[PDB]
Amino acid sequence: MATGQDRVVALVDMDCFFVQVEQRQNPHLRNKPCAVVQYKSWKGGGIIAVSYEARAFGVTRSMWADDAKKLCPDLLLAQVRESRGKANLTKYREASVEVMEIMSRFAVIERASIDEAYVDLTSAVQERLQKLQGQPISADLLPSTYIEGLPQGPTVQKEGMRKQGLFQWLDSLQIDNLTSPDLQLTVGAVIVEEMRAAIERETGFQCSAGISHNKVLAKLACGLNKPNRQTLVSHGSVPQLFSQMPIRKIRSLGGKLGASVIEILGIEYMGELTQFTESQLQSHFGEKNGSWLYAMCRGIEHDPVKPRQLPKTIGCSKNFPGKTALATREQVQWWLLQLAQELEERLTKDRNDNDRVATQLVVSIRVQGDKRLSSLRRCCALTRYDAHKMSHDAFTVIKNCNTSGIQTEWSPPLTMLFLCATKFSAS
DNA sequence: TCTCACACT
DNA sequence: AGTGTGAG
């Protein structure tokens with residue numbers, strides 16, 4: 001029976017990335033409690049990223065800055081740039097490309113979000129193991145690495161625990177066997193240390209990483225020791241790790257499916273899933289989900305690191321909540337035009353940088369009173385990178401959702417506009 | 001009180 | 001194509 005030990009996969013996460021970008025640019029912010037906000041006018045702005053000094057006071061994302069200032073009176077704030085009446089994330093997108101370009105010198109990367117990427121290290125590990133002839137791996141090559149589950153068995157401070165765990169790991173490693181999964185993970189950790197050092201040297205940015213045999217465990221590992229640290233989760237560490245791991249902590253189980261796993265099966269922790277047969281899990285959750293859960297609770301997952309450094313879609317959206325919901329036709333057209341102009345700028349940039357053209361334009365709106373993220377999605381052809389045509393076309397394919405008899409007004413009022421360019425072709 | 005990927009149908 | 005879900 002296969003053990004899910006065929007690959008070495010990392011997940012790298014830029015520690016509070018937007019904050020780090022503003023702290024690099026403004027040295028006054030470095031090593032302070034600070035947060036990044038957008039839209040300062042309403043309750044001081046919505047916090048979207050928080051430094052670890054500020055998290056110590058209890059400041060979190062999705063907090064209003066006025067409320068964060070009550071927890072942390074000396075909190076320093078940086079504001080997202082605004083363009084055409086909306087938040088503009090270009091500075092962070094550009095910083096993200098800086099980091100991804102460095103990472104891709106070391107291995108194959110899948111961009112997961114603006115601040116996270118998965119790394120497939122299997123091949124880089126192989127070549128490094130050949131160059132190693134048969135030498136032991138010194139703890140000096142792993143200065144920021146934690147081994148999950150260690151130390152164990154027969155020091156009062158955190159760095160002492162880290163090194164004792166590392167020593168126990170390395171003292172047991174079988175270095176003559178170039179196919180040992182634990183050795184391959186270890187070499188993977190050595191490479192991630194070098195990649196993280198290169199990112200910090202060449203950009204100033206720090207990051208955490210998880211190293212394991214698949215994306216779910218790497219992502220889990222990454223969050224175990226933060227910030228500016230990396231954690232190795234071996235296959236052998238999974239039973240103990242999962243024995244007290246809430247189901248909602250595993251990637252894709254933090255929502256409704258995870259809640260139904262908990263309620264239907266009457267369990268709380270990932271390891272308790274091992275009691276069920278694969279057929280049992282498939283009967284409750286479907287063929288795909290059931291098979292996935294059966295393997296995943298044993299630490300096995302086969303989702304590939306896709307070779308994808310660039311986003312698949314380029315989108316622009318703005319919410320219009322409460323009294324600001326768009327209620328007149330000229331209001332709707334003006335904002336469509338604003339969104340189309342930012343989209344055009346980014347699409348032209350994309351065509352010149354990455355040699356591709358988008359071919360489909362997706363329009364999505366939300367009407368006041370609706371319950372879900374999007375009320376309605378329609379698409380049309382994207383034939384020219386021209387903001388006025390894109391906004392005209394977006395309006396055309398949604399102008400019929402207007403329930404009002406009057407030409408002049410829009411009912412029900414629109415609480416969200418969304419333009420997204422999709423279906424990219426080589427150019 | 002902004003994005004991005006993926007599976008179902 | 002259009003919708004729902006999960007995540008940062």
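Below, chain A is the first sequence line, B the second, and so on; all start at residue 1. Atom set for the values below is all heavy atoms of this structure, side chains included, hydrogens, waters and symmetry mates excluded.
- Considering only side-chain N and O atoms, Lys318(A) lies nowhere under 4.0 angstrom from the phosphate OP1 or OP2 of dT1(B).
- A parallel orientation is assigned to the rings of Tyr92(A) and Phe18(A), their planes being inclined by less than 30° (bins at 30° and 60°).
- Dashed line: the shortest gap from a side-chain N or O of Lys306(A) to OP1 or OP2 of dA5(B) is not under 4.0 Å.
- For the pair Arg81(A) and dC2(B), the criterion of a side-chain N or O lying under 4.0 Å from OP1 or OP2 is not met.
- The two atoms that bring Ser252(A) and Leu257(A) nearest to each other are O-CD2, 4.3 Å, heavy atoms only.
- Protein atom CD1 of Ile314(A) is 11 Å distant from nucleotide atom P of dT3(B), rounded to whole Å.
- One atom, CZ of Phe424(A), and another, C1' of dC4(B), lie 12 Å apart when rounded to the nearest Å.
- The CE atom of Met416(A) sits 11 Å away from the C1' atom of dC2(B) (whole-angstrom rounding).
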Pairs under 3.5 angstrom only: tabulate donor-acceptor contacts from the side chains of residues 193-201 of chain A to other protein residues two or more places apart or in another chain.
unit_1: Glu193(A); atom_1: OE1; unit_2: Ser144(A); atom_2: OG; d: 2.6
unit_1: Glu193(A); atom_1: OE2; unit_2: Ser144(A); atom_2: N; d: 2.8
unit_1: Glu193(A); atom_1: OE2; unit_2: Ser144(A); atom_2: OG; d: 3.1
unit_1: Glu193(A); atom_1: OE2; unit_2: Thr145(A); atom_2: N; d: 3.2
unit_1: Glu193(A); atom_1: OE2; unit_2: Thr145(A); atom_2: OG1; d: 2.7
unit_1: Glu194(A); atom_1: OE1; unit_2: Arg128(A); atom_2: NH1; d: 3.2
unit_1: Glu194(A); atom_1: OE2; unit_2: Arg128(A); atom_2: NH1; d: 3.4
unit_1: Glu194(A); atom_1: OE2; unit_2: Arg128(A); atom_2: NH2; d: 2.7
unit_1: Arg196(A); atom_1: NE; unit_2: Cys207(A); atom_2: O; d: 2.9
unit_1: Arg196(A); atom_1: NH1; unit_2: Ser144(A); atom_2: OG; d: 2.9
unit_1: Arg196(A); atom_1: NH1; unit_2: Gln230(A); atom_2: OE1; d: 2.9
unit_1: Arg196(A); atom_1: NH2; unit_2: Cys207(A); atom_2: O; d: 3.1
unit_1: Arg196(A); atom_1: NH2; unit_2: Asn228(A); atom_2: O; d: 3.1
unit_1: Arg196(A); atom_1: NH2; unit_2: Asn228(A); atom_2: OD1; d: 3.3
unit_1: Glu200(A); atom_1: OE2; unit_2: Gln206(A); atom_2: NE2; d: 3.0

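- For the pair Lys256(A) and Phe285(A), the NZ or CZ position fails the cation-pi test of under 6.0 Å to the six-membered ring centre and within 45 degrees of the ring normal.
- DNA chain B is contacted by both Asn289(A) and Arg111(A); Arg111(A) maps to the nucleotide lying nearer its 5′ end (nearest heavy atom per residue).
- When each of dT3(B), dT1(B), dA5(B) is scored by its nearest atom to the side-chain atoms of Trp64(A), the top-ranked nucleotide is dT1(B).
- The phosphate of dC6(B) has neither OP1 nor OP2 within less than 4.0 Å of any side-chain N or O from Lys288(A).
- The separation between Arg366(A) atom CZ and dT1(B) atom P is 11 Å, rounded to whole Å.
- Contact check, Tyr39(A) against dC2(B): a side-chain N or O comes under 4.0 Å of OP1 or OP2.
- The same atom, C1', is picked in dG6(C) and in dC2(B); the two are 15 Å apart, to the nearest Å.
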Under 4.0 Å protein heavy-atom contacts per nucleotide of nucleotides 2-8 of chain C, with B for base, S for backbone only and - for none | BBSSSSS
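- Screening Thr359(A), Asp350(A), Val357(A) for a side-chain contact (heavy atoms from CB on, under 4.5 Å) with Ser427(A), the sole residue that qualifies is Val357(A).
- Relative to the ring axis of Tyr294(A), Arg298(A) places its NZ or CZ within 45° and under 6.0 Å from the centre.
- Looking at heavy-atom distances under 4.0 Å, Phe418(A) makes no contact with the nucleic acid at all.
- A donor-acceptor contact closer than 3.5 angstrom links the side chains of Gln360(A) and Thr422(A).
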Worked verdict on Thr186(A) versus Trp169(A) for side-chain hydrogen bond (donor to acceptor under 3.5 Å, both in side chains) | CA-CA 9 Å; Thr186(A) 306; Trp169(A) 176 256; 2.9 Å; yes
How does DNA chain C read in dot-bracket, base by base from 5' to 3', with Watson-Crick or G-U pairs under 3.5 Å and | used when the partner is on another strand?
-> |||||||.
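- In this structure, NZ in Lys86(A) is found 10.5 Å from CG in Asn319(A), a value given to the nearest 0.5 Å.
- Toward the 5' end of DNA chain B, the nearer of the two residues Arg308(A) and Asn319(A), judged by each one's closest nucleotide, is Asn319(A).
- The CD1-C1' distance, from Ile365(A) to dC2(B), rounds to 18 Å in whole Å.
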